[PDB]
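Asks: What follows is query_22.tsv; its format and atoms are TSV, N, CA and C atoms.
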chain	number	residue	atom	x	y	z
P	7	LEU	N	23.49	15.81	5.74
P	7	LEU	CA	22.48	15.47	6.75
P	7	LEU	C	23.12	14.53	7.78
P	8	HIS	N	22.80	14.78	9.04
P	8	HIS	CA	23.39	14.05	10.15
P	8	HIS	C	22.32	13.21	10.85
P	9	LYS	N	22.61	11.93	11.10
P	9	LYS	CA	21.72	11.15	11.96
P	9	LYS	C	22.12	11.36	13.42
P	10	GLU	N	21.08	11.46	14.25
P	10	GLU	CA	21.28	11.64	15.66
P	10	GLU	C	20.53	10.55	16.42
P	11	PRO	N	21.06	10.04	17.52
P	11	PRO	CA	20.31	9.07	18.32
P	11	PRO	C	19.04	9.69	18.89
P	12	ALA	N	18.02	8.86	19.02
P	12	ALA	CA	16.84	9.20	19.81
P	12	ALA	C	16.38	7.94	20.56
P	13	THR	N	15.41	8.07	21.45
P	13	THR	CA	14.87	6.87	22.09
P	13	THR	C	13.37	6.80	21.85
P	14	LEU	N	12.82	5.64	21.50
P	14	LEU	CA	11.37	5.63	21.39
P	14	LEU	C	10.69	5.89	22.73
P	15	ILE	N	9.65	6.71	22.69
P	15	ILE	CA	8.78	6.89	23.84
P	15	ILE	C	7.44	6.22	23.55
P	16	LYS	N	6.85	6.56	22.41
P	16	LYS	CA	5.58	6.00	21.96
P	16	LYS	C	5.28	6.27	20.50
P	17	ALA	N	4.81	5.25	19.77
P	17	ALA	CA	4.34	5.47	18.41
P	17	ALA	C	2.91	5.97	18.42
P	18	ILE	N	2.54	7.01	17.69
P	18	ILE	CA	1.22	7.62	17.84
P	18	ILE	C	0.27	7.29	16.70
P	19	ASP	N	0.84	6.94	15.56
P	19	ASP	CA	0.19	6.82	14.27
P	19	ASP	C	1.20	6.41	13.20
P	20	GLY	N	0.71	6.09	12.00
P	20	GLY	CA	1.57	5.73	10.88
P	20	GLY	C	2.62	6.80	10.63
P	21	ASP	N	2.26	8.08	10.78
P	21	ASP	CA	3.13	9.17	10.36
P	21	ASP	C	3.73	9.96	11.52
P	22	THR	N	3.46	9.56	12.75
P	22	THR	CA	3.89	10.35	13.90
P	22	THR	C	4.35	9.45	15.03
P	23	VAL	N	5.51	9.73	15.58
P	23	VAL	CA	6.14	9.01	16.67
P	23	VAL	C	6.66	10.01	17.70
P	24	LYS	N	6.65	9.65	18.97
P	24	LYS	CA	7.18	10.49	20.04
P	24	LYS	C	8.53	9.94	20.46
P	25	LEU	N	9.59	10.74	20.41
P	25	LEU	CA	10.94	10.32	20.74
P	25	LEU	C	11.56	11.17	21.84
P	26	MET	N	12.51	10.60	22.57
P	26	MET	CA	13.36	11.41	23.41
P	26	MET	C	14.55	11.80	22.52
P	27	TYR	N	14.66	13.09	22.32
P	27	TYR	CA	15.64	13.67	21.41
P	27	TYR	C	16.40	14.71	22.24
P	28	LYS	N	17.71	14.58	22.25
P	28	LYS	CA	18.62	15.43	22.99
P	28	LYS	C	18.07	15.74	24.38
P	29	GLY	N	17.63	14.69	25.08
P	29	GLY	CA	17.13	14.83	26.42
P	29	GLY	C	15.67	15.15	26.60
P	30	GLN	N	14.97	15.77	25.66
P	30	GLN	CA	13.56	16.09	25.88
P	30	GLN	C	12.62	15.24	25.05
P	31	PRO	N	11.42	14.96	25.53
P	31	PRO	CA	10.41	14.32	24.68
P	31	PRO	C	10.02	15.29	23.57
P	32	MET	N	9.73	14.74	22.41
P	32	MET	CA	9.37	15.43	21.19
P	32	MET	C	8.62	14.54	20.21
P	33	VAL	N	7.62	15.13	19.59
P	33	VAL	CA	6.85	14.50	18.53
P	33	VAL	C	7.43	14.80	17.16
P	34	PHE	N	7.58	13.75	16.36
P	34	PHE	CA	8.11	13.84	15.02
P	34	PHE	C	7.04	13.41	14.03
P	35	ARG	N	6.96	14.18	12.97
P	35	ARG	CA	6.15	13.96	11.79
P	35	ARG	C	7.06	13.39	10.70
P	36	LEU	N	6.75	12.26	10.11
P	36	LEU	CA	7.69	11.68	9.14
P	36	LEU	C	7.72	12.56	7.89
P	37	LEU	N	8.89	13.02	7.45
P	37	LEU	CA	8.99	13.81	6.22
P	37	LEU	C	8.58	13.02	4.97
P	38	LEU	N	7.93	13.64	4.02
P	38	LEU	CA	7.57	13.31	2.66
P	38	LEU	C	6.65	12.12	2.53
P	39	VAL	N	5.88	11.83	3.59
P	39	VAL	CA	4.91	10.75	3.36
P	39	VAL	C	3.52	11.22	3.78
P	40	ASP	N	2.57	10.85	2.96
P	40	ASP	CA	1.14	10.99	3.19
P	40	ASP	C	0.57	9.58	3.35
P	41	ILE	N	0.28	9.29	4.60
P	41	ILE	CA	-0.09	8.02	5.19
P	41	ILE	C	-1.57	8.06	5.54
P	42	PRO	N	-2.27	6.94	5.35
P	42	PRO	CA	-3.69	6.92	5.74
P	42	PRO	C	-3.77	7.26	7.22
P	43	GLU	N	-4.57	8.24	7.61
P	43	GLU	CA	-4.53	8.64	9.02
P	43	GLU	C	-5.46	7.78	9.87
P	44	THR	N	-5.03	7.61	11.11
P	44	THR	CA	-5.74	6.85	12.11
P	44	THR	C	-6.24	7.80	13.19
P	45	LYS	N	-5.48	8.87	13.38
P	45	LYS	CA	-5.85	9.96	14.28
P	45	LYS	C	-6.18	11.21	13.46
P	46	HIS	N	-6.87	10.99	12.35
P	46	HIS	CA	-7.31	12.00	11.41
P	46	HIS	C	-8.42	12.87	11.99
P	47	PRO	N	-8.17	14.16	12.11
P	47	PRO	CA	-9.13	15.11	12.68
P	47	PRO	C	-10.53	14.93	12.08
P	48	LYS	N	-10.59	15.01	10.76
P	48	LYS	CA	-11.80	14.76	9.99
P	48	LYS	C	-11.61	13.51	9.12
P	49	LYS	N	-12.66	12.72	9.00
P	49	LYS	CA	-12.72	11.44	8.32
P	49	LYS	C	-12.34	10.32	9.29
P	50	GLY	N	-11.48	10.68	10.24
P	50	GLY	CA	-11.01	9.77	11.27
P	50	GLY	C	-10.16	8.66	10.69
P	51	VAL	N	-10.35	7.44	11.20
P	51	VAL	CA	-9.64	6.28	10.68
P	51	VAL	C	-9.91	6.12	9.19
P	52	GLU	N	-8.86	5.89	8.41
P	52	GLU	CA	-9.03	5.69	6.97
P	52	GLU	C	-8.56	4.31	6.53
P	53	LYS	N	-8.81	4.00	5.26
P	53	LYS	CA	-8.41	2.76	4.62
P	53	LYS	C	-6.89	2.64	4.73
P	54	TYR	N	-6.41	1.48	5.17
P	54	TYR	CA	-5.00	1.24	5.41
P	54	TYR	C	-4.42	2.06	6.55
P	55	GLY	N	-5.11	3.06	7.09
P	55	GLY	CA	-4.59	3.78	8.24
P	55	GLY	C	-4.15	2.88	9.37
P	56	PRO	N	-5.00	1.97	9.85
P	56	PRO	CA	-4.56	1.08	10.93
P	56	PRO	C	-3.35	0.25	10.54
P	57	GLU	N	-3.26	-0.11	9.26
P	57	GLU	CA	-2.17	-1.00	8.85
P	57	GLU	C	-0.86	-0.21	8.81
P	58	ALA	N	-0.95	1.03	8.33
P	58	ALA	CA	0.21	1.94	8.35
P	58	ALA	C	0.60	2.19	9.79
P	59	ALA	N	-0.36	2.47	10.68
P	59	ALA	CA	0.06	2.65	12.07
P	59	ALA	C	0.72	1.43	12.68
P	60	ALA	N	0.24	0.22	12.41
P	60	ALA	CA	0.80	-1.00	13.01
P	60	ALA	C	2.23	-1.26	12.55
P	61	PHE	N	2.42	-1.00	11.25
P	61	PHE	CA	3.71	-1.11	10.60
P	61	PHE	C	4.74	-0.18	11.22
P	62	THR	N	4.37	1.09	11.34
P	62	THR	CA	5.31	2.06	11.91
P	62	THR	C	5.66	1.64	13.32
P	63	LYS	N	4.61	1.36	14.08
P	63	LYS	CA	4.70	0.90	15.46
P	63	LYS	C	5.62	-0.31	15.61
P	64	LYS	N	5.37	-1.33	14.79
P	64	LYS	CA	6.21	-2.53	14.90
P	64	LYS	C	7.65	-2.20	14.57
P	65	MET	N	7.83	-1.35	13.56
P	65	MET	CA	9.22	-1.13	13.13
P	65	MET	C	10.06	-0.42	14.17
P	66	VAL	N	9.48	0.53	14.90
P	66	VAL	CA	10.26	1.30	15.85
P	66	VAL	C	10.30	0.61	17.20
P	67	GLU	N	9.27	-0.18	17.48
P	67	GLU	CA	9.19	-0.88	18.77
P	67	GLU	C	10.23	-1.98	18.85
P	68	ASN	N	10.48	-2.62	17.70
P	68	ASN	CA	11.45	-3.72	17.73
P	68	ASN	C	12.86	-3.28	17.40
P	69	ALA	N	13.07	-1.97	17.24
P	69	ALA	CA	14.41	-1.53	16.85
P	69	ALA	C	15.34	-1.49	18.05
P	70	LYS	N	16.59	-1.90	17.84
P	70	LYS	CA	17.60	-1.67	18.87
P	70	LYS	C	18.02	-0.20	18.89
P	71	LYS	N	18.08	0.37	17.69
P	71	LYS	CA	18.54	1.73	17.50
P	71	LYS	C	17.59	2.56	16.64
P	72	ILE	N	17.13	3.66	17.23
P	72	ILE	CA	16.39	4.70	16.53
P	72	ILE	C	17.28	5.91	16.29
P	73	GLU	N	17.32	6.37	15.04
P	73	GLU	CA	18.00	7.60	14.69
P	73	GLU	C	17.02	8.54	13.97
P	74	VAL	N	17.26	9.82	14.19
P	74	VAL	CA	16.50	10.91	13.59
P	74	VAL	C	17.46	11.71	12.70
P	75	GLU	N	16.94	12.10	11.55
P	75	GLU	CA	17.71	12.85	10.58
P	75	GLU	C	16.88	14.04	10.09
P	76	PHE	N	17.26	15.23	10.53
P	76	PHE	CA	16.62	16.44	9.99
P	76	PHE	C	17.05	16.71	8.56
P	77	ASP	N	16.20	17.39	7.79
P	77	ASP	CA	16.62	17.74	6.42
P	77	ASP	C	17.12	19.18	6.44
P	78	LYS	N	17.35	19.80	5.29
P	78	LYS	CA	17.98	21.13	5.31
P	78	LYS	C	16.95	22.25	5.28
P	79	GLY	N	15.68	21.93	5.10
P	79	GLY	CA	14.61	22.90	5.17
P	79	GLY	C	14.18	23.25	6.58
P	80	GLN	N	12.94	23.73	6.73
P	80	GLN	CA	12.39	23.98	8.05
P	80	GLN	C	12.23	22.67	8.83
P	81	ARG	N	12.55	22.75	10.11
P	81	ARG	CA	12.72	21.60	10.98
P	81	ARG	C	11.52	21.35	11.86
P	82	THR	N	10.54	22.26	11.93
P	82	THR	CA	9.32	21.97	12.68
P	82	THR	C	8.10	22.48	11.93
P	83	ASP	N	6.95	21.84	12.13
P	83	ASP	CA	5.72	22.34	11.53
P	83	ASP	C	4.96	23.28	12.48
P	84	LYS	N	3.79	23.78	12.05
P	84	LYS	CA	3.06	24.76	12.85
P	84	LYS	C	2.56	24.20	14.16
P	85	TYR	N	2.53	22.88	14.30
P	85	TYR	CA	2.08	22.25	15.53
P	85	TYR	C	3.25	21.85	16.42
P	86	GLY	N	4.45	22.31	16.04
P	86	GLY	CA	5.61	22.02	16.87
P	86	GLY	C	6.13	20.60	16.72
P	87	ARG	N	5.74	19.85	15.69
P	87	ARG	CA	6.35	18.54	15.45
P	87	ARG	C	7.67	18.64	14.71
P	88	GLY	N	8.70	17.88	15.08
P	88	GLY	CA	9.96	17.83	14.32
P	88	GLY	C	9.65	17.16	12.98
P	89	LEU	N	10.25	17.63	11.90
P	89	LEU	CA	10.09	17.15	10.53
P	89	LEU	C	11.37	16.39	10.18
P	90	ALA	N	11.31	15.06	10.16
P	90	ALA	CA	12.51	14.26	10.00
P	90	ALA	C	12.27	12.91	9.32
P	91	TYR	N	13.42	12.39	8.92
P	91	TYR	CA	13.56	11.01	8.48
P	91	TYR	C	13.84	10.18	9.73
P	92	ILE	N	13.10	9.11	9.99
P	92	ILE	CA	13.36	8.29	11.17
P	92	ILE	C	14.01	6.97	10.69
P	93	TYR	N	15.10	6.56	11.31
P	93	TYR	CA	15.78	5.29	11.03
P	93	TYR	C	15.64	4.30	12.20
P	94	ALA	N	15.20	3.08	11.88
P	94	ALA	CA	15.11	1.97	12.84
P	94	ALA	C	16.19	0.94	12.48
P	95	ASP	N	17.28	0.89	13.23
P	95	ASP	CA	18.38	-0.01	12.91
P	95	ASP	C	18.88	0.23	11.49
P	96	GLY	N	19.07	1.49	11.13
P	96	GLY	CA	19.63	1.83	9.84
P	96	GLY	C	18.64	1.74	8.72
P	97	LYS	N	17.39	1.34	9.01
P	97	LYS	CA	16.46	1.28	7.89
P	97	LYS	C	15.49	2.46	8.00
P	98	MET	N	15.28	3.20	6.90
P	98	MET	CA	14.45	4.39	7.00
P	98	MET	C	12.98	4.04	7.05
P	99	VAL	N	12.33	4.46	8.14
P	99	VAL	CA	10.91	4.16	8.25
P	99	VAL	C	10.12	4.78	7.11
P	100	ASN	N	10.45	6.02	6.75
P	100	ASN	CA	9.71	6.72	5.70
P	100	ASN	C	9.70	5.90	4.40
P	101	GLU	N	10.90	5.45	4.02
P	101	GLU	CA	11.02	4.61	2.83
P	101	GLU	C	10.28	3.28	2.92
P	102	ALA	N	10.46	2.56	4.02
P	102	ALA	CA	9.78	1.29	4.25
P	102	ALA	C	8.30	1.38	3.98
P	103	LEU	N	7.67	2.42	4.56
P	103	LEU	CA	6.25	2.64	4.43
P	103	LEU	C	5.84	2.85	2.98
P	104	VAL	N	6.65	3.63	2.25
P	104	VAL	CA	6.25	3.90	0.86
P	104	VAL	C	6.47	2.62	0.05
P	105	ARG	N	7.59	1.94	0.27
P	105	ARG	CA	7.96	0.76	-0.51
P	105	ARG	C	6.91	-0.34	-0.40
P	106	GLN	N	6.32	-0.41	0.78
P	106	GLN	CA	5.27	-1.36	1.17
P	106	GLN	C	3.91	-0.90	0.67
P	107	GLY	N	3.88	0.25	0.01
P	107	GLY	CA	2.62	0.78	-0.53
P	107	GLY	C	1.68	1.23	0.58
P	108	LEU	N	2.25	1.62	1.72
P	108	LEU	CA	1.39	1.98	2.85
P	108	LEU	C	1.34	3.49	3.05
P	109	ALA	N	1.86	4.21	2.07
P	109	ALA	CA	1.90	5.67	2.10
P	109	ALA	C	2.25	6.17	0.70
P	110	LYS	N	1.90	7.43	0.44
P	110	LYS	CA	2.31	8.04	-0.82
P	110	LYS	C	3.39	9.07	-0.50
P	111	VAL	N	4.12	9.47	-1.53
P	111	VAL	CA	5.15	10.49	-1.42
P	111	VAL	C	4.38	11.83	-1.43
P	112	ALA	N	4.47	12.58	-0.35
P	112	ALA	CA	3.80	13.85	-0.11
P	112	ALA	C	4.48	14.96	-0.88
P	113	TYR	N	3.89	16.15	-0.95
P	113	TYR	CA	4.62	17.22	-1.64
P	113	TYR	C	5.84	17.61	-0.81
P	114	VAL	N	6.85	18.18	-1.46
P	114	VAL	CA	8.04	18.67	-0.78
P	114	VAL	C	7.76	19.99	-0.06
P	115	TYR	N	7.82	19.96	1.26
P	115	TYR	CA	7.58	21.09	2.15
P	115	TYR	C	8.84	21.89	2.46
P	116	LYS	N	8.78	23.20	2.30
P	116	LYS	CA	9.76	24.15	2.76
P	116	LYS	C	11.22	23.74	2.57
P	117	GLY	N	11.57	23.17	1.43
P	117	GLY	CA	12.94	22.82	1.11
P	117	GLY	C	13.42	21.49	1.66
P	118	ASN	N	12.49	20.69	2.18
P	118	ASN	CA	12.88	19.41	2.77
P	118	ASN	C	12.70	18.33	1.71
P	119	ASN	N	13.71	18.10	0.86
P	119	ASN	CA	13.53	17.19	-0.27
P	119	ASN	C	14.74	16.31	-0.52
P	120	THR	N	15.64	16.20	0.45
P	120	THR	CA	16.85	15.42	0.17
P	120	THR	C	16.60	13.98	-0.26
P	121	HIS	N	15.62	13.27	0.27
P	121	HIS	CA	15.37	11.87	-0.07
P	121	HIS	C	14.15	11.72	-0.95
P	122	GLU	N	13.81	12.80	-1.66
P	122	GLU	CA	12.56	12.75	-2.40
P	122	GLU	C	12.56	11.70	-3.51
P	123	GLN	N	13.68	11.63	-4.22
P	123	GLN	CA	13.78	10.74	-5.38
P	123	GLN	C	13.83	9.28	-4.92
P	124	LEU	N	14.63	9.04	-3.88
P	124	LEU	CA	14.72	7.72	-3.26
P	124	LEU	C	13.32	7.21	-2.94
P	125	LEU	N	12.51	8.10	-2.37
P	125	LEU	CA	11.15	7.71	-2.05
P	125	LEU	C	10.27	7.62	-3.29
P	126	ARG	N	10.45	8.46	-4.32
P	126	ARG	CA	9.54	8.34	-5.47
P	126	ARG	C	9.81	7.01	-6.18
P	127	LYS	N	11.07	6.57	-6.14
P	127	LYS	CA	11.44	5.26	-6.69
P	127	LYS	C	10.75	4.11	-5.98
P	128	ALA	N	10.80	4.13	-4.65
P	128	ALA	CA	10.11	3.13	-3.83
P	128	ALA	C	8.63	3.10	-4.17
P	129	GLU	N	8.08	4.30	-4.36
P	129	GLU	CA	6.65	4.41	-4.62
P	129	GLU	C	6.30	3.87	-6.01
P	130	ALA	N	7.20	4.04	-6.98
P	130	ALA	CA	6.91	3.46	-8.30
P	130	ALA	C	6.86	1.94	-8.22
P	131	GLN	N	7.87	1.36	-7.57
P	131	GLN	CA	7.90	-0.09	-7.34
P	131	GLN	C	6.64	-0.61	-6.67
P	132	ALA	N	6.20	-0.01	-5.57
P	132	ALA	CA	4.97	-0.47	-4.92
P	132	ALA	C	3.75	-0.31	-5.82
P	133	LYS	N	3.80	0.72	-6.66
P	133	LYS	CA	2.71	0.94	-7.60
P	133	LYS	C	2.69	-0.21	-8.60
P	134	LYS	N	3.86	-0.51	-9.17
P	134	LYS	CA	3.96	-1.64	-10.10
P	134	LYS	C	3.58	-2.94	-9.41
P	135	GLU	N	3.80	-3.13	-8.11
P	135	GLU	CA	3.45	-4.44	-7.54
P	135	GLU	C	2.03	-4.43	-6.98
P	136	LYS	N	1.29	-3.36	-7.21
P	136	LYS	CA	-0.08	-3.18	-6.75
P	136	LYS	C	-0.26	-3.46	-5.26
P	137	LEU	N	0.67	-2.95	-4.46
P	137	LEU	CA	0.70	-3.14	-3.02
P	137	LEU	C	-0.34	-2.29	-2.29
P	138	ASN	N	-1.02	-2.85	-1.31
P	138	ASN	CA	-1.89	-2.17	-0.35
P	138	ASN	C	-2.63	-0.98	-0.91
P	139	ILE	N	-2.21	0.27	-0.71
P	139	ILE	CA	-3.03	1.35	-1.26
P	139	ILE	C	-3.11	1.34	-2.78
P	140	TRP	N	-2.19	0.66	-3.44
P	140	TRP	CA	-2.19	0.54	-4.89
P	140	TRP	C	-2.81	-0.79	-5.33
P	141	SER	N	-3.35	-1.52	-4.36
P	141	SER	CA	-4.13	-2.72	-4.62
P	141	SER	C	-5.17	-2.46	-5.71
What does this structure look like when you write it as C-alpha cells?

Replies:
Amino acid sequence: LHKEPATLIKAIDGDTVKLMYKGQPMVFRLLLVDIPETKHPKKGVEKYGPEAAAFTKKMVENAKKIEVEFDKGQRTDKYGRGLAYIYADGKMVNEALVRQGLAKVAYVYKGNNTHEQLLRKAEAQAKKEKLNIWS
C-alpha cells in the first residue's frame, strides 16, 4: 500500500473528508470505521456523532501533512467516494477514531482489510477503557 499526498479542502463529518487528490477535489470515506453519523440520512445526528465529527475535523485541520492510502480492494463506493486510510502527520485518522472509542470497526468491504487487525486491537483497548461509545 502506498501513501499519496493530498490537501485538505473540507471536513464533512466524522467519517468523510473532502481532499484535493492528484489535482482534483474528491470525497473520501474512511475505510473500516462505523462512526456515529452527523449527516445521517435517517436518524440524523446521533450519539457521539458531533464528537466524532469534531475529532476528525480537528485532526485534519491542524495537520501539516495529509496522506491518503488506498487499500487493495475496490477503491470507490457507489456514491463515488474514495475508500481510504487517511493520515494526518503520519497518524492514521481511522485508527485514532477507533482507539478513542469514537467509532467501531466496520465490516470488511470488497477486500479492503489490510489494517483490519490493527483497528480491531485499538477497538479492544477502547472497549476495555470504556471510552465514549463504550462508556

Asks: Go through P:50, P:107, P:117, P:96 one by one, measure the shortest atom-to-atom distance of each to residue 37 (chain P) using only C-alpha atoms, and give the residue with the smallest value.

Replies: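 Nearest candidate to residue 37 (chain P) out of P:50, P:107, P:117, P:96: P:117.
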
Asks: Select, from P:22, P:13, P:106, P:80, the residue with the minimum atom-to-atom distance to residue 140 (chain P), counting only N, CA and C atoms.

Replies: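 Looking only at the distances to residue 140 (chain P), the closest residue turns out to be P:106.
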
Asks: When you look at residue 120 (chain P) with a cut-off of 8 Å (counting all atoms listed in the file), what residues show up, excluding the ones that are within fewer than 2 positions of it in the same chain? I need them as JSON, numbers by chain.

Replies: {"P": [77, 78, 79, 117, 118, 122, 123, 124, 125]}

Asks: Please provide as an MDAnalysis selection string all residues within 8 Å of residue 141 (chain P), with the sequence filter that same-chain residues fewer than 4 positions apart are discarded (counting all atoms listed in the file).

Replies: chainID P and resid 107 132:133 135:137

Asks: I'd like the interatomic distance between atom C of residue 81 (chain P) and atom N of residue 35 (chain P), to a tenth of an Å.

Replies: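 One can read the atom C of residue 81 (chain P) to atom N of residue 35 (chain P) distance as 8.6 Å.
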
Asks: Using all atoms listed in the file, can you tell me which of P:59, P:90, P:38, P:98 comes closest to residue 113 (chain P)?

Replies: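 Once distances to residue 113 (chain P) are computed over all atoms listed in the file, the minimum belongs to P:38.
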
Asks: I want to know what sits within 8 Å of residue 68 (chain P), based on only N, CA and C atoms, with residues of the same chain fewer than 5 positions away left out; could you give that as a short mmCIF file (atom, residue, chain, number, x, y, z; two decimals) with N, CA and C atoms, in the frame of the given file?

Replies:
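Result written to result-v2.cif:
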data_model
loop_
_atom_site.label_atom_id
_atom_site.label_comp_id
_atom_site.auth_asym_id
_atom_site.auth_seq_id
_atom_site.Cartn_x
_atom_site.Cartn_y
_atom_site.Cartn_z
N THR P 62 4.37 1.09 11.34
CA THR P 62 5.31 2.06 11.91
C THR P 62 5.66 1.64 13.32
N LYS P 63 4.61 1.36 14.08
CA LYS P 63 4.70 0.90 15.46
C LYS P 63 5.62 -0.31 15.61
N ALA P 94 15.20 3.08 11.88
CA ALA P 94 15.11 1.97 12.84
C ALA P 94 16.19 0.94 12.48
N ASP P 95 17.28 0.89 13.23
CA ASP P 95 18.38 -0.01 12.91
C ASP P 95 18.88 0.23 11.49
#

Asks: Suppose you want the space between atom C of residue 18 (chain P) and CA of residue 60 (chain P); what is it in Å?

Replies: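 Pair atom C of residue 18 (chain P) / CA of residue 60 (chain P) returns 9.1 Å.
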
Asks: With DSSP run on the backbone, what are the strand (DSSP E or B) residues within chain P? I'd like them as a compact mmCIF listing (two decimals) with N, CA and C atoms, in the coordinates of the input.

Replies:
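Final output, selection08.txt:
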# COMPACT_ATOMS: atom_id res chain seq x y z
N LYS P 9 22.61 11.93 11.10
CA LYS P 9 21.72 11.15 11.96
C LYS P 9 22.12 11.36 13.42
N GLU P 10 21.08 11.46 14.25
CA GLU P 10 21.28 11.64 15.66
C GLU P 10 20.53 10.55 16.42
N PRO P 11 21.06 10.04 17.52
CA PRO P 11 20.31 9.07 18.32
C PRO P 11 19.04 9.69 18.89
N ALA P 12 18.02 8.86 19.02
CA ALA P 12 16.84 9.20 19.81
C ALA P 12 16.38 7.94 20.56
N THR P 13 15.41 8.07 21.45
CA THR P 13 14.87 6.87 22.09
C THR P 13 13.37 6.80 21.85
N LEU P 14 12.82 5.64 21.50
CA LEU P 14 11.37 5.63 21.39
C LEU P 14 10.69 5.89 22.73
N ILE P 15 9.65 6.71 22.69
CA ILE P 15 8.78 6.89 23.84
C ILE P 15 7.44 6.22 23.55
N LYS P 16 6.85 6.56 22.41
CA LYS P 16 5.58 6.00 21.96
C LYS P 16 5.28 6.27 20.50
N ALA P 17 4.81 5.25 19.77
CA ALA P 17 4.34 5.47 18.41
C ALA P 17 2.91 5.97 18.42
N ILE P 18 2.54 7.01 17.69
CA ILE P 18 1.22 7.62 17.84
C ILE P 18 0.27 7.29 16.70
N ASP P 19 0.84 6.94 15.56
CA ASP P 19 0.19 6.82 14.27
C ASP P 19 1.20 6.41 13.20
N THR P 22 3.46 9.56 12.75
CA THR P 22 3.89 10.35 13.90
C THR P 22 4.35 9.45 15.03
N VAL P 23 5.51 9.73 15.58
CA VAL P 23 6.14 9.01 16.67
C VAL P 23 6.66 10.01 17.70
N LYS P 24 6.65 9.65 18.97
CA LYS P 24 7.18 10.49 20.04
C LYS P 24 8.53 9.94 20.46
N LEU P 25 9.59 10.74 20.41
CA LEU P 25 10.94 10.32 20.74
C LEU P 25 11.56 11.17 21.84
N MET P 26 12.51 10.60 22.57
CA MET P 26 13.36 11.41 23.41
C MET P 26 14.55 11.80 22.52
N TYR P 27 14.66 13.09 22.32
CA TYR P 27 15.64 13.67 21.41
C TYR P 27 16.40 14.71 22.24
N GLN P 30 14.97 15.77 25.66
CA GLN P 30 13.56 16.09 25.88
C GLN P 30 12.62 15.24 25.05
N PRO P 31 11.42 14.96 25.53
CA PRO P 31 10.41 14.32 24.68
C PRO P 31 10.02 15.29 23.57
N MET P 32 9.73 14.74 22.41
CA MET P 32 9.37 15.43 21.19
C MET P 32 8.62 14.54 20.21
N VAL P 33 7.62 15.13 19.59
CA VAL P 33 6.85 14.50 18.53
C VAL P 33 7.43 14.80 17.16
N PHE P 34 7.58 13.75 16.36
CA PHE P 34 8.11 13.84 15.02
C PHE P 34 7.04 13.41 14.03
N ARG P 35 6.96 14.18 12.97
CA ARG P 35 6.15 13.96 11.79
C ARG P 35 7.06 13.39 10.70
N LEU P 36 6.75 12.26 10.11
CA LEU P 36 7.69 11.68 9.14
C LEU P 36 7.72 12.56 7.89
N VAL P 39 5.88 11.83 3.59
CA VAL P 39 4.91 10.75 3.36
C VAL P 39 3.52 11.22 3.78
N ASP P 40 2.57 10.85 2.96
CA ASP P 40 1.14 10.99 3.19
C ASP P 40 0.57 9.58 3.35
N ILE P 72 17.13 3.66 17.23
CA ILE P 72 16.39 4.70 16.53
C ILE P 72 17.28 5.91 16.29
N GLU P 73 17.32 6.37 15.04
CA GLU P 73 18.00 7.60 14.69
C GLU P 73 17.02 8.54 13.97
N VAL P 74 17.26 9.82 14.19
CA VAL P 74 16.50 10.91 13.59
C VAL P 74 17.46 11.71 12.70
N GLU P 75 16.94 12.10 11.55
CA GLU P 75 17.71 12.85 10.58
C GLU P 75 16.88 14.04 10.09
N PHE P 76 17.26 15.23 10.53
CA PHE P 76 16.62 16.44 9.99
C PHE P 76 17.05 16.71 8.56
N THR P 82 10.54 22.26 11.93
CA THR P 82 9.32 21.97 12.68
C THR P 82 8.10 22.48 11.93
N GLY P 88 8.70 17.88 15.08
CA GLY P 88 9.96 17.83 14.32
C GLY P 88 9.65 17.16 12.98
N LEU P 89 10.25 17.63 11.90
CA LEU P 89 10.09 17.15 10.53
C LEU P 89 11.37 16.39 10.18
N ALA P 90 11.31 15.06 10.16
CA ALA P 90 12.51 14.26 10.00
C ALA P 90 12.27 12.91 9.32
N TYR P 91 13.42 12.39 8.92
CA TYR P 91 13.56 11.01 8.48
C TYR P 91 13.84 10.18 9.73
N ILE P 92 13.10 9.11 9.99
CA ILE P 92 13.36 8.29 11.17
C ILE P 92 14.01 6.97 10.69
N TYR P 93 15.10 6.56 11.31
CA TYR P 93 15.78 5.29 11.03
C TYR P 93 15.64 4.30 12.20
N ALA P 94 15.20 3.08 11.88
CA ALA P 94 15.11 1.97 12.84
C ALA P 94 16.19 0.94 12.48
N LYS P 97 17.39 1.34 9.01
CA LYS P 97 16.46 1.28 7.89
C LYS P 97 15.49 2.46 8.00
N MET P 98 15.28 3.20 6.90
CA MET P 98 14.45 4.39 7.00
C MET P 98 12.98 4.04 7.05
N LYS P 110 1.90 7.43 0.44
CA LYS P 110 2.31 8.04 -0.82
C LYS P 110 3.39 9.07 -0.50
N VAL P 111 4.12 9.47 -1.53
CA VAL P 111 5.15 10.49 -1.42
C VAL P 111 4.38 11.83 -1.43

Asks: So that I can check the surroundings of residue 54 (chain P), please list as a list in words every protein, DNA and RNA residue that reaches within 7 Å of it, counting all atoms listed in the file and ignoring chain neighbours fewer than 2 positions away.

Replies: residues 41, 42, 43, 52, 56, 57, 58, 59, 108 and 139 of chain P

Asks: Find, counting only N, CA and C atoms, the residue in P:71, P:127, P:64, P:24 that gets nearest to residue 93 (chain P).

Replies: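 Smallest separation from residue 93 (chain P) among the options: P:71.
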
Asks: Report, in Å with one decimal, the straight-line distance from CA of residue 26 (chain P) to atom C of residue 72 (chain P).

Replies: 9.8 Å

Asks: Quick one: of P:20, P:29, P:47, P:11, who's nearest to residue 74 (chain P), counting only C-alpha atoms?

Replies: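 Nearest candidate to residue 74 (chain P) out of P:20, P:29, P:47, P:11: P:11.
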
Asks: Kindly compute an axis-aligned box around the listed atoms of region 120-123 of chain P, allowing 4 Å on each side, and express its centre and edge lengths in Å to one decimal as AutoDock Vina command-line options.

Replies:
--center_x 14.7 --center_y 12.7 --center_z -2.5 --size_x 12.3 --size_y 14.9 --size_z 13.8

Asks: Could you give me the residues within chain P that DSSP places in alpha helix (DSSP H), as an MDAnalysis selection string?

Replies: chainID P and resid 55:67 99:105 122:134

Asks: For each of P:10, P:101, P:129, P:19, take the minimum atom-to-atom distance to residue 55 (chain P), counting only N, CA and C atoms, then give the residue where this is smallest.

Replies: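 Counting only N, CA and C atoms, the residue closest to residue 55 (chain P) is P:19.
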
Asks: Using all atoms listed in the file, which protein or nucleic acid residues come within 6 Å of residue 92 (chain P)? Drop anything in the same chain fewer than 5 positions from it, and give the result as a list in words.

Replies: residues 73, 74, 75, 97, 98, 99 and 100 of chain P
